Structure formats: C-alpha cells, structure tokens
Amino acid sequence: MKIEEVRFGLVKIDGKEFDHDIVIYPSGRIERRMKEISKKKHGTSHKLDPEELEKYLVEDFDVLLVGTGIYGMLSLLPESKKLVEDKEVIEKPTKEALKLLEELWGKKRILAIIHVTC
C-alpha cells in the first residue's frame, strides 16, 4: 500500500489513479466506495451511514480511518460510529488522513474510507 499523489478529486495509490472515493482494506485490497448507499437515505453521502459502513466489514481491523474530504465535509453518523465503537476511529481531512495512513501502515490493521472531494 503506497500513496503517490493526493489532490482534490484524485488520488494515486499503488500506482493507479482514482478519481473517486475508495475503501482500502487492511490487506491492501482497494475497492470503490459505495457512497450511493448513504445517498439513498440522506440525500447525500456527506453523512456516511451505518448501512454503507456495514458493507466494508469484510476483514478484521483495529482502526477505522476516514479521510473526510479535502475540506473535511464528510462525517460518520453517530449510528455508524456505534457500529465500530470497539475500534480506534480516526476522522481527518483527506490529505492529512492519507499521510497518517502511510505513517501507521504495517502495524495495526487499518480499514480506510477515503472521500476525495469536499
């Protein structure tokens, strides 16, 4: 898991360009973020809901790291936080969040949800 570039609307990770939100699993597997799930309830994914977060509970993890957008406009709903209340949960604007992901990678098992826009 290596991060090469981070800018509004576009991140380069593992050498691939992602012009949309992504989920990075503890194993390093990368999938697109199914943000439409949160939209289909809150009119916007600006509030990541539990129905969406549950879809990412695939691999065991110690830390849930959320890149809340370059401008930190995304946030986990209280019910989402409840789902992972037994985990270490970090929510930071995206560039800082990815820099921290790079710093922490390799020790704890980290599940990361990265919002690339606001």
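One rule holds for the numbers: they count along the sequence shown, beginning at 1.
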| field | 102-110 or 17-25, whichever carries the higher mean Cα B-factor | value | 102-110
| remark: Ranked by mean Cα B-factor in the entry, 27-35 and 73-81, top stretch is 73-81
| note | Residue set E91, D49, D62, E59, per-entry CA B-factor max assigned to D49
| query | How does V6 rank on Cα B-factor within its chain, lowest, middle or highest third? | reply | middle
